[PDB]
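Asker: Would you mind keeping the following structure in view while I ask a few things?
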Protein chains: 4
Amino acid sequence: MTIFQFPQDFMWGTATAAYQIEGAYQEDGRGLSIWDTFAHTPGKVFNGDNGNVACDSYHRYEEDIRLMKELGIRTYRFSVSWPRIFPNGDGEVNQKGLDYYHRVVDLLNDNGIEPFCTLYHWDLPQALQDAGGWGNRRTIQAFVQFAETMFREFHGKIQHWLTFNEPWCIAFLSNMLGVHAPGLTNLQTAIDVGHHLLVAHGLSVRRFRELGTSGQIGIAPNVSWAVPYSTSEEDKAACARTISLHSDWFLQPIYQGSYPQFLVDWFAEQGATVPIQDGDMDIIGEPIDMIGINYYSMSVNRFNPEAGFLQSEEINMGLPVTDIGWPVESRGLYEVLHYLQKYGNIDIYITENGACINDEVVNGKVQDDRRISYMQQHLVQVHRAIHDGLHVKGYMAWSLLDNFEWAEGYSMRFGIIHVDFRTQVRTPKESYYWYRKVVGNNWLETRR
Amino acid sequence: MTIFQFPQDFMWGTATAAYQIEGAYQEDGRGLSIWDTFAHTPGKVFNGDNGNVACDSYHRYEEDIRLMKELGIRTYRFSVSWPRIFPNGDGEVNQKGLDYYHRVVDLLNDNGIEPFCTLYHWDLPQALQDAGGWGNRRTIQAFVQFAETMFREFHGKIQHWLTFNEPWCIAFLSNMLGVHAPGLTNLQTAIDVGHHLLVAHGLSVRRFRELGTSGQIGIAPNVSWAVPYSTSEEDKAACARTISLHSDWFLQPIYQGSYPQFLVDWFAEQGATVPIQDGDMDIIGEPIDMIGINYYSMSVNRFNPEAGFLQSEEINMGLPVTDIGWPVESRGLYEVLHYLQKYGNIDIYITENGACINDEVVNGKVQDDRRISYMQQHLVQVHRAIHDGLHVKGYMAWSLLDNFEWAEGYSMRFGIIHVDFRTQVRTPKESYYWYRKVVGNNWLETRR
Amino acid sequence: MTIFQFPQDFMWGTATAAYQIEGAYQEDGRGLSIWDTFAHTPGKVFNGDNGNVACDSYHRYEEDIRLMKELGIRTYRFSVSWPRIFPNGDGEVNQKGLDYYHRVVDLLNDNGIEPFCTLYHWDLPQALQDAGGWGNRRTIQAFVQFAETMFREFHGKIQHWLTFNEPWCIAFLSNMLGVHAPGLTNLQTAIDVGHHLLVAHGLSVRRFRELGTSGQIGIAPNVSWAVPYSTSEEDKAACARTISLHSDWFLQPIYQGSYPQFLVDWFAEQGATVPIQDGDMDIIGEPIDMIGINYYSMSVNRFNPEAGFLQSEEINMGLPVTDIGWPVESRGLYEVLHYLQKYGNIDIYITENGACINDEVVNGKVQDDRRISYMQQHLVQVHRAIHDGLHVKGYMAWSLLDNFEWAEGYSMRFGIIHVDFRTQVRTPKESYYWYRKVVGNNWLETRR
Amino acid sequence: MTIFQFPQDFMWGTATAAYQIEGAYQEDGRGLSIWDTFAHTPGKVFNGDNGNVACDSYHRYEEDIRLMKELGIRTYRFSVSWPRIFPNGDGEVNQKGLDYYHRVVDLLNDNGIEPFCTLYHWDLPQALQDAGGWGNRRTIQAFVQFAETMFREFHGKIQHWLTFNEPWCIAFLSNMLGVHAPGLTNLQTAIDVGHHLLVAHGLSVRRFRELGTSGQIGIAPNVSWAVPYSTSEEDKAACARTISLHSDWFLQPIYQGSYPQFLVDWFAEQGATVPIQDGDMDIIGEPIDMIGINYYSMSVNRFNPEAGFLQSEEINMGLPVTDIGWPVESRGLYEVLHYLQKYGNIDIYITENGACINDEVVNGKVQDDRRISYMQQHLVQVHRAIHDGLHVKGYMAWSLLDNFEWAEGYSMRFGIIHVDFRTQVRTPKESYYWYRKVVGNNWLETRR
Ligand SMILES: CCOCCOc1ccc(-c2cn(C[C@@H]3NC[C@@H](O)[C@H]3O)nn2)cc1
Ligand SMILES: CCOCCOc1ccc(-c2cn(C[C@@H]3NC[C@@H](O)[C@H]3O)nn2)cc1
Ligand SMILES: CCOCCOc1ccc(-c2cn(C[C@@H]3NC[C@@H](O)[C@H]3O)nn2)cc1
Ligand SMILES: CCOCCOc1ccc(-c2cn(C[C@@H]3NC[C@@H](O)[C@H]3O)nn2)cc1
């Protein structure tokens, strides 16, 4: 009914992460990450699921890349298992680790797919976590040597780099709420991890510039959007806190060399402060070429004193929800793209966007109409913002494959391709074929 | 997950219209209305459907009222067939017309249901339409004699009155776009009808005050909400035009004694002007106790020169739609309730809200979960605004019964009770039972 | 997509026959007809079905008439059981016979339904068949006394009369092919019966005029249409023979005081001649106000010497067929209406038209979409001919009720209302509700 | 029930077109056709479908030919992608283009299948369309060099040639109604294209004779049949206009050296004339060995002034329709075969006949009974005309494969073999196996 045409050089993609798809968790000298530890602890992951085999992408990468070529996709966002390159994050490199990523990347380049390399997608080596992990400044040095090895090793092979994925998850979800590895629950150690992340980021960007590594580099925050239930100041502040901790808390330092004062005041009142040393802010402010934003959902939030450390209560507006229980409201993606212009018209990529739709293989196909419906609403909002002159450069569907969805295990399916975890059979879903017509035409026809 | 508690004295209701449910179109001296004429003209109504029998509520009113009592509802909004009281609108009254409404209203009052009486729900007698209908200032005097008869006839029996329902439909849909009776397509005659409506309204309110008739009186505009695709001025103006013609065009005169200048300028440029005579604005500005608003849907609109007389193009955002193809975005009801505060914190009733869900009787019941889902999102927005201190006094579900949906005939089901047009059997839908617990508890819990 | 508007005064109806629906075959002094005898003989009727109970319309006439009123139909075509009025056709009248038809007819007139009375619908009393039946000139006088009694008995109560139904069936199907009662197979006795029919017709029309009985009278031939497979003369002649024996053989005498010479020559060569006495042609030529035509199907026929007594072989064109195996080609009705203009622009009624669709009651209703599809194509052809200025005055659906379909018994359903022969339950089919809107609107819209 | 025996040497076939099945739209130096351009323009083709891969017959031709051999078919009608031989239609030939058609044709001849080569099946090179395409007389020269190359290249390999397929579509559908590539809407440029087509045809036939190329050559018009709703002259003229523009407009010049005067007068009154130069009619009148006729549907048409440029309104006779909404009335094929005898008893081939039936693979088979039913009715009409002594030499089912149905995309299935456009899997439908018994026996038994 309406036609939405995309810019000529718009980067269509699909996204995965090492621990979620790779498997082969003990092969070719791989050391245990914090997620190996976490998935092997009873009660941490639904149904006791772990990434031991996952989608076995370590061996099946040839098949996955063939399905990407047939998709006619332009970029493929993957993540490097740190413990595959530095099993202890010690400085003793694993050449078998590198060899795998060279095979993967070399195939992508031969098939005219541009690699989009996330260095850190939560697989911190357990060796570093034994010594305090991201709460220890020693990890900052460890990450930079990892970042450096990859920059040196895959120079000219990779033109698009992200240091970290979803810092809010790595810091606050992993160390405040205890939902993700390593599953702590302390305001102060989350803030510590958060700050050390940014220093490790800055220094890795610095080395990239010093090495004159090929391409462009950035960070990929998960981005929350909240809207106030009331015209009340207290409800507006609750939304501000929710929005700012996901985006502003990591982006204001990188772009404006400071933390959001109102959140520093909020945390200080809970007896937490940012462990800021001399030259830390200078390092963090090291200019970056683009950001990724991961958008999934938006919410209506009311002030509530008993509603967690941000005193921001999500309200059930009665909206329809994905199989993981997230409401679908595409206009949040439009709102957050406009909100992020406070940092200027930066080059933004949608590095993750997708829906949890648990439809399985019936008569040889997956009839995931609800995933097509989700994607349709969200790609309108991407066009809508490009048309407002915002520099949205690309869109990457989460995910290429049904994968290990962290603490939900294999129970929540985000993939555009169905994966059977008994047989490792790939079945492209209806969404795969619908998307193949949205990337190859480079326009979208909204109709149902 | 979230609980929404309503004010103590909040008015729960259901809504119908005479032509849509009554039937008995030739019985007890009823004269033909413009809708009888329109429904009897081939190509005007889908499948050649007409209101000749409809839900046969003329004879089955006892059954419908029993189903309302079991619903535990507090108000009932109905409309009077003008041509049942004045078959020619000539001043010769029909006692059989009045007797029916006395039987209906007397039952409602005996069952502790408060009647909410809409005088005009598009039933214009054909006798007056032969003379030019609402385009002829003659109808204004005709309507006031009708209004007066009802005021005097049902004084103390009825405490809630609306002069007109959806003026935008009566004027612009009926006389500009030609979709509704009497199906003309002339900018000038629509504006004429629109103006004459307001004069007839003012004078009827005046007589109500002069008669010291029991209760309170108002008008019930259908209310559009549009949001711009772009931050562009042209796109914002297109939305303003769309929003203002539905609400502002009838409400600005009643509340601020003028027409929206920007729409007068817009129309003037198409060679149309308002036939405003001396003291017309004074009549129209006669104070009213409250308004009804009919809300259904919301839209995203772009400026487009070839997109009808308002040059406002609705965009398909890929959102899910009701069976009549309207998208559901409850937050429009919240936005428009805030927008209407430009006339101050007036007493507002939701006189119509509902979804077209065509589920039929299967294993003895209707499984209209999508209607419950719709109602749930919208009743959150009603709570949301009451909580912002807005004087939203009540909510009336459109509709009590599957009825004659005008130009769609019986093909679109809005009812909360299923009606088999073959047998005139009433089957309360799942929505009826869901709604019965919301109005009886006087709170709502969101889930699904 | 296309709208077909009918003339203001167009007569909408349904049609039944006494033996097919009445039942009560021994009640109130009814004498056995030839069909009672035939249905009681093994191998004559499929499954040994008979009209002993049928639809029990003798007792259930009140119910059937109510369903007609709700249909909004204008005419009702029924037939009189001769042996109910004259059990022996001997001149001793049965007052109980008449009383039933007075009850039926009086209800029809009270409900504003115009009776359309067929005197002979194959009910010949067995007493007359013992004496040679229609092959004996004795029956001619017997029929006229019957015709007369009814004319005098129901004067002013009935305004539309047919002497005979489907003469071709009564004569050739019943006495040449042996398919229908009394099931003979002799060219000569068929031609005899055929001739005696016409004399009985002429004399009955004469008495109607002499009695100055109220209304108009005619005959209702079943009408075949055949089209040649080849442009060959022999194939064209085969069609002519097939067409002429159904229509021309009874209509040429009534309208042009002769038999089709080419068929007399054809039969004469098989040693058959018409037993025409002095003044017979004069009697037969008694002017009539209108005809009925019964149309169902059309065919493509080849000359074939071994293809029955008419040497006309029907060819299977692979067309789709009704459940009784007749192909649907509506354009035959248009062709035959034009062909019959050889007798001038006479007043024609479609006294029978319908399809055999054996859909049963499923989830409280009959989904006989193929019957609606059939009726739709045929009512276009009725409009098409009226638009060519042909005097087609009415249309009567065969049948109101699933009935006793002669030699097929209850296995072929032609009814527009379902009848459960187990329980005598009436269930209006989808066709009933579809037809109800065509006759009430008095226009038709083609779709599906 | 009836047996229809075909002549001994009757040519059974199946038909495809290059753009509809080939795919490989950029491979081995292929230049863009006007259909590549048209399919890549948003809003031109349903669902944004294009022939980029189609059935991938460029690579899968071996499989398709094996399925033809198992069918026991005698002829295979295919079309040559002009832009595969002359990517710019410039005169620089592509040897890789020729090599493909030599591989295809050589396989057909080895398998005893007779190639039936359509030179032009709408794939005009975009290079020529940039310069005005068929509206430019330069294209005439371009086509003749193409025609010539193929004649020289495949002499003795191919014995059956068609210059153009469906001229009415190429001219009027493509350039008057704008439905097909290149999607113009101008009476005059359609007539231009139409005339230039005929000159290009004549000159190509001339070269064929001069080259003494092996076999016989013709043209394949799509053939409409219309029948008047009324006996009125104006309704008869409307049909004449509809019939003549499809057939007579291209056939009267080839066979009688003139255009239908009544259509020249009709067009002249709309300010259009045929751009006829000296020797044009002489060229067009170059004798031809046979025609193809493409028959699908016939219609009932009424005169209507507002019903397009021919003022001929199709009426919905309520007949059943194929999934693409065309009514099935086989007797049109019989009527048009008789009508075409105005050019004498020419050798006619049914080069296209088929139904759109969208049945998909269920339990390993396609249950396309409606396609068998369609084919059955139409093959009776082919026998019927052969039996009238008409020189109908052959029948080619449209289509071998589900293909790219132009502006309907992949949504409308005409194939006798099912194709999955995700996996390129061929599944012979029930129609394939039914037809295999109609070609191999060389008789047909009409029964259902
Ligand atoms: C008690 C309530 O519970 C609180 C848990 O709160 C969350 C919030 C958000 C998430 C979340 C998961 N994803 C998908 C992944 N994105 C990064 C990529 O690697 C995907 O695999 N995004 N957000 C999970 C849990
Ligand atoms: C060709 C497309 O052009 C635009 C169609 O134009 C409209 C606009 C609006 C409506 C419409 C119908 N309703 C529901 C009733 N409200 C009053 C009450 O009695 C309900 O029965 N609201 N709006 C229909 C048609
Ligand atoms: C062995 C095959 O040999 C040929 C069969 O021969 C026929 C011919 C025609 C019919 C036939 C049945 N009807 C319907 C009734 N019309 C009158 C009305 O009362 C309906 O109940 N019409 N024609 C049956 C059998
Ligand atoms: C607004 C109403 O719309 C007007 C569109 O009018 C038509 C008419 C006719 C056709 C048509 C398509 N075919 C099948 C192909 N035959 C040639 C072969 O290559 C097949 O692929 N035949 N006729 C399409 C569209």
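Each chain in the structure tokens gets a letter, A, B and so on, in the order shown; residues start at 1 in every chain, and ligands are counted from 1 in the order they appear.
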Would you mind writing down, as a PyMOL selection string, each residue of range 195-320 of chain D that DSSP on the backbone assigns to helix (DSSP H, G or I)?

Answerer: chain D and resi 195-210+233-246+248-256+261-268+280-284

Asker: Would you write out those residues with N, CA and C atoms, as a short mmCIF file (atom, residue, chain, number, x, y, z; two decimals), in the first residue's frame?

Answerer:
```cif
data_model
loop_
_atom_site.label_atom_id
_atom_site.label_comp_id
_atom_site.auth_asym_id
_atom_site.auth_seq_id
_atom_site.Cartn_x
_atom_site.Cartn_y
_atom_site.Cartn_z
N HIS D 195 2.18 -1.03 -35.81
CA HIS D 195 2.56 -0.95 -37.25
C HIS D 195 4.01 -1.39 -37.45
N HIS D 196 4.93 -0.93 -36.61
CA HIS D 196 6.39 -1.18 -36.77
C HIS D 196 6.67 -2.67 -36.57
N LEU D 197 5.94 -3.28 -35.64
CA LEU D 197 5.89 -4.74 -35.38
C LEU D 197 5.64 -5.49 -36.70
N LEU D 198 4.58 -5.10 -37.41
CA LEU D 198 4.13 -5.78 -38.65
C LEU D 198 5.20 -5.63 -39.74
N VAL D 199 5.82 -4.45 -39.86
CA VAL D 199 6.90 -4.21 -40.86
C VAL D 199 8.08 -5.12 -40.50
N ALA D 200 8.51 -5.11 -39.24
CA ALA D 200 9.61 -5.98 -38.74
C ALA D 200 9.28 -7.44 -39.04
N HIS D 201 8.01 -7.83 -38.86
CA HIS D 201 7.51 -9.21 -39.14
C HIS D 201 7.69 -9.52 -40.63
N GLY D 202 7.07 -8.72 -41.49
CA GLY D 202 7.13 -8.88 -42.95
C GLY D 202 8.55 -9.08 -43.42
N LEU D 203 9.46 -8.20 -43.00
CA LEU D 203 10.86 -8.14 -43.49
C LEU D 203 11.61 -9.39 -43.02
N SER D 204 11.31 -9.86 -41.80
CA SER D 204 11.91 -11.08 -41.21
C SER D 204 11.44 -12.32 -41.99
N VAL D 205 10.16 -12.37 -42.36
CA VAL D 205 9.60 -13.45 -43.22
C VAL D 205 10.34 -13.39 -44.57
N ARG D 206 10.53 -12.19 -45.12
CA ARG D 206 11.20 -11.98 -46.43
C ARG D 206 12.61 -12.58 -46.38
N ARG D 207 13.38 -12.26 -45.33
CA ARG D 207 14.78 -12.75 -45.15
C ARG D 207 14.78 -14.28 -45.04
N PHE D 208 13.77 -14.85 -44.35
CA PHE D 208 13.61 -16.31 -44.12
C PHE D 208 13.52 -17.03 -45.47
N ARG D 209 12.74 -16.44 -46.38
CA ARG D 209 12.50 -16.94 -47.76
C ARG D 209 13.81 -16.76 -48.56
N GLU D 210 14.40 -15.56 -48.52
CA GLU D 210 15.69 -15.24 -49.20
C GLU D 210 16.80 -16.18 -48.71
N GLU D 233 -27.31 -3.10 -32.02
CA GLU D 233 -26.20 -2.85 -32.98
C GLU D 233 -25.00 -2.30 -32.21
N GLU D 234 -25.24 -1.41 -31.24
CA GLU D 234 -24.15 -0.73 -30.49
C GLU D 234 -23.39 -1.78 -29.66
N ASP D 235 -24.09 -2.76 -29.07
CA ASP D 235 -23.47 -3.87 -28.28
C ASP D 235 -22.70 -4.81 -29.23
N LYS D 236 -23.21 -5.05 -30.43
CA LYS D 236 -22.56 -5.92 -31.44
C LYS D 236 -21.25 -5.25 -31.90
N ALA D 237 -21.27 -3.94 -32.10
CA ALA D 237 -20.11 -3.12 -32.55
C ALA D 237 -19.02 -3.12 -31.48
N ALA D 238 -19.40 -2.98 -30.21
CA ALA D 238 -18.49 -3.05 -29.05
C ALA D 238 -17.74 -4.39 -29.06
N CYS D 239 -18.44 -5.51 -29.23
CA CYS D 239 -17.80 -6.84 -29.36
C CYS D 239 -16.85 -6.82 -30.56
N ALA D 240 -17.31 -6.35 -31.72
CA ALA D 240 -16.53 -6.33 -32.98
C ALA D 240 -15.20 -5.62 -32.72
N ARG D 241 -15.26 -4.47 -32.04
CA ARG D 241 -14.05 -3.64 -31.74
C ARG D 241 -13.08 -4.45 -30.88
N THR D 242 -13.60 -5.09 -29.82
CA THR D 242 -12.83 -5.90 -28.85
C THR D 242 -12.17 -7.06 -29.59
N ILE D 243 -12.91 -7.75 -30.46
CA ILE D 243 -12.43 -8.98 -31.17
C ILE D 243 -11.35 -8.59 -32.17
N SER D 244 -11.60 -7.51 -32.91
CA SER D 244 -10.84 -7.13 -34.12
C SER D 244 -9.47 -6.57 -33.72
N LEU D 245 -9.38 -5.88 -32.58
CA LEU D 245 -8.11 -5.24 -32.16
C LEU D 245 -7.06 -6.29 -31.78
N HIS D 246 -7.49 -7.46 -31.33
CA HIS D 246 -6.60 -8.57 -30.88
C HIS D 246 -6.09 -9.37 -32.09
N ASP D 248 -7.82 -9.23 -35.98
CA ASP D 248 -8.02 -8.56 -37.29
C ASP D 248 -6.99 -7.44 -37.50
N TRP D 249 -6.68 -6.66 -36.46
CA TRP D 249 -5.80 -5.47 -36.56
C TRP D 249 -4.41 -5.88 -37.06
N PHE D 250 -3.94 -7.09 -36.73
CA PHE D 250 -2.62 -7.62 -37.15
C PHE D 250 -2.77 -8.62 -38.30
N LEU D 251 -3.92 -9.29 -38.40
CA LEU D 251 -4.12 -10.40 -39.37
C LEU D 251 -4.66 -9.87 -40.71
N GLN D 252 -5.52 -8.84 -40.70
CA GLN D 252 -6.11 -8.29 -41.95
C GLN D 252 -4.99 -7.71 -42.82
N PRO D 253 -4.01 -6.97 -42.26
CA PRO D 253 -2.87 -6.49 -43.04
C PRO D 253 -2.02 -7.63 -43.63
N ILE D 254 -1.73 -8.66 -42.86
CA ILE D 254 -0.85 -9.79 -43.30
C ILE D 254 -1.55 -10.56 -44.41
N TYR D 255 -2.88 -10.69 -44.33
CA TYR D 255 -3.66 -11.63 -45.18
C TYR D 255 -4.44 -10.88 -46.27
N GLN D 256 -4.81 -9.61 -46.07
CA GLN D 256 -5.67 -8.84 -47.00
C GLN D 256 -5.10 -7.44 -47.27
N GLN D 261 -11.05 -1.13 -41.48
CA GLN D 261 -11.43 0.28 -41.71
C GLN D 261 -12.18 0.83 -40.49
N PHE D 262 -13.05 0.04 -39.87
CA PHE D 262 -13.97 0.51 -38.80
C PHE D 262 -13.15 0.89 -37.56
N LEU D 263 -12.01 0.22 -37.33
CA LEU D 263 -11.07 0.53 -36.20
C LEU D 263 -10.18 1.73 -36.55
N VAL D 264 -9.79 1.88 -37.82
CA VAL D 264 -9.03 3.06 -38.32
C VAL D 264 -9.92 4.30 -38.12
N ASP D 265 -11.20 4.19 -38.46
CA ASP D 265 -12.19 5.30 -38.31
C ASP D 265 -12.32 5.62 -36.82
N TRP D 266 -12.42 4.58 -35.99
CA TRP D 266 -12.61 4.68 -34.52
C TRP D 266 -11.44 5.44 -33.89
N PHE D 267 -10.22 5.07 -34.28
CA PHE D 267 -8.95 5.62 -33.76
C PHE D 267 -8.75 7.05 -34.31
N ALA D 268 -8.91 7.23 -35.62
CA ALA D 268 -8.85 8.54 -36.31
C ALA D 268 -9.69 9.57 -35.53
N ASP D 280 5.12 -0.39 -47.09
CA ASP D 280 4.92 -0.96 -45.73
C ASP D 280 3.91 -2.11 -45.85
N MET D 281 2.72 -1.84 -46.41
CA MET D 281 1.63 -2.84 -46.56
C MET D 281 2.12 -4.04 -47.39
N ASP D 282 2.94 -3.79 -48.42
CA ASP D 282 3.52 -4.84 -49.30
C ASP D 282 4.40 -5.77 -48.47
N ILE D 283 5.21 -5.19 -47.60
CA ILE D 283 6.13 -5.92 -46.68
C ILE D 283 5.28 -6.78 -45.74
N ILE D 284 4.24 -6.18 -45.14
CA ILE D 284 3.38 -6.80 -44.08
C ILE D 284 2.62 -8.00 -44.69
#
```

Asker: Name each residue within 8 Å of ligand 3, counting only C-alpha atoms and all ligand atoms, as number ranges by chain.

Answerer: C: 16-17, 20, 121, 165-166, 169, 173, 177, 179-180, 222, 294, 296, 352, 398-399, 403-407

Asker: Keeping N, CA, C and O atoms, export the residues of the selection given above as a short mmCIF file (atom, residue, chain, number, x, y, z; two decimals), in the first residue's frame.

Answerer:
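part-v4.cif, freshly written:
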```
data_model
loop_
_atom_site.label_atom_id
_atom_site.label_comp_id
_atom_site.auth_asym_id
_atom_site.auth_seq_id
_atom_site.Cartn_x
_atom_site.Cartn_y
_atom_site.Cartn_z
N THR C 16 -43.34 -25.82 -5.91
CA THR C 16 -43.47 -27.24 -5.45
C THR C 16 -44.56 -27.96 -6.26
O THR C 16 -45.22 -27.32 -7.07
N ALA C 17 -44.69 -29.25 -6.03
CA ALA C 17 -45.75 -30.11 -6.61
C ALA C 17 -46.35 -30.93 -5.47
O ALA C 17 -45.59 -31.29 -4.55
N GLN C 20 -44.76 -34.46 -4.55
CA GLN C 20 -43.33 -34.32 -4.17
C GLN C 20 -43.19 -33.88 -2.70
O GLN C 20 -42.19 -34.30 -2.09
N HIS C 121 -49.87 -31.89 -12.10
CA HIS C 121 -48.41 -32.12 -11.92
C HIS C 121 -48.13 -33.62 -11.73
O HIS C 121 -47.37 -34.00 -10.81
N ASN C 165 -48.15 -29.24 -16.37
CA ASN C 165 -46.69 -29.06 -16.14
C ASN C 165 -45.92 -30.07 -16.99
O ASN C 165 -46.22 -31.26 -16.88
N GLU C 166 -44.96 -29.60 -17.79
CA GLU C 166 -43.98 -30.44 -18.54
C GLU C 166 -44.72 -31.53 -19.32
O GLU C 166 -44.64 -32.72 -19.00
N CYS C 169 -42.63 -34.59 -20.55
CA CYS C 169 -42.37 -35.60 -19.49
C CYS C 169 -43.59 -36.53 -19.36
O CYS C 169 -43.39 -37.77 -19.28
N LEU C 173 -41.54 -39.02 -21.75
CA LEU C 173 -40.71 -39.61 -20.67
C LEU C 173 -41.50 -40.75 -20.00
O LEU C 173 -40.90 -41.82 -19.73
N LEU C 177 -40.08 -43.71 -22.98
CA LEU C 177 -38.79 -44.10 -22.35
C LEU C 177 -39.04 -44.92 -21.07
O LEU C 177 -38.12 -45.62 -20.64
N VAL C 179 -39.50 -44.06 -17.97
CA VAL C 179 -38.72 -43.57 -16.80
C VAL C 179 -39.69 -43.07 -15.72
O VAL C 179 -39.39 -43.25 -14.51
N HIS C 180 -40.80 -42.45 -16.13
CA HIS C 180 -41.81 -41.84 -15.23
C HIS C 180 -43.12 -42.60 -15.33
O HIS C 180 -43.34 -43.26 -16.36
N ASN C 222 -41.68 -27.94 -19.97
CA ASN C 222 -40.20 -28.07 -19.85
C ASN C 222 -39.65 -27.81 -21.25
O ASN C 222 -40.25 -28.25 -22.23
N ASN C 294 -39.96 -24.29 -17.87
CA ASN C 294 -39.05 -24.97 -16.92
C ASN C 294 -37.73 -25.16 -17.64
O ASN C 294 -37.72 -25.89 -18.66
N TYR C 296 -33.47 -25.93 -16.99
CA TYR C 296 -32.47 -26.50 -16.06
C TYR C 296 -31.10 -26.53 -16.73
O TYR C 296 -30.12 -26.01 -16.16
N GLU C 352 -40.06 -23.01 -13.36
CA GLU C 352 -39.01 -23.85 -12.70
C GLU C 352 -37.63 -23.44 -13.20
O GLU C 352 -37.43 -23.29 -14.42
N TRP C 398 -37.07 -23.70 -8.44
CA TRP C 398 -37.31 -25.12 -8.08
C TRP C 398 -36.14 -25.56 -7.22
O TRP C 398 -35.04 -25.74 -7.73
N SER C 399 -36.36 -25.75 -5.91
CA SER C 399 -37.67 -25.85 -5.29
C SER C 399 -37.66 -25.15 -3.92
O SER C 399 -36.55 -24.97 -3.39
N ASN C 403 -37.42 -32.32 -1.88
CA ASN C 403 -38.70 -33.05 -2.07
C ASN C 403 -38.42 -34.44 -2.65
O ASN C 403 -37.24 -34.83 -2.72
N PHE C 404 -39.49 -35.16 -3.00
CA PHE C 404 -39.43 -36.46 -3.72
C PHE C 404 -39.17 -36.17 -5.20
O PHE C 404 -40.13 -35.87 -5.93
N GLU C 405 -37.90 -36.26 -5.63
CA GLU C 405 -37.49 -36.02 -7.03
C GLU C 405 -37.80 -37.26 -7.88
O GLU C 405 -36.87 -37.81 -8.47
N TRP C 406 -39.07 -37.66 -7.95
CA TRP C 406 -39.59 -38.69 -8.89
C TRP C 406 -38.72 -39.96 -8.83
O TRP C 406 -38.63 -40.52 -7.73
N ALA C 407 -38.08 -40.34 -9.94
CA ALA C 407 -37.37 -41.63 -10.10
C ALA C 407 -36.02 -41.62 -9.36
O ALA C 407 -35.37 -42.70 -9.30
#
```

Asker: Could the residues of chain D that have an atom at most 8 Å from chain A be listed as CSV, each with its closest atom pair and the distance in Å to one decimal, counting only C-alpha atoms and ordered by chain and ascending residue number?

Answerer:
```
residue,atom,partner,partner_atom,distance
D:40,CA,A:441,CA,7.3
D:42,CA,A:3,CA,7.4
D:43,CA,A:3,CA,7.9
D:47,CA,A:445,CA,7.4
D:48,CA,A:441,CA,7.4
D:422,CA,A:433,CA,7.7
```

Asker: Save out the residues we just selected, C-alpha atoms, as a JSON list (two decimals), in the first residue's frame.

Answerer:
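Listed below is the output, result_15.json:
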```json
[["chain", "number", "residue", "atom", "x", "y", "z"],
["D", 40, "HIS", "CA", 12.95, -3.28, -11.15],
["D", 42, "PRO", "CA", 8.51, -0.19, -7.76],
["D", 43, "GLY", "CA", 4.70, -0.62, -8.22],
["D", 47, "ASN", "CA", 5.12, -7.97, -4.68],
["D", 48, "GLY", "CA", 8.16, -6.45, -6.51],
["D", 422, "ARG", "CA", 13.14, -21.07, -3.00]]
```
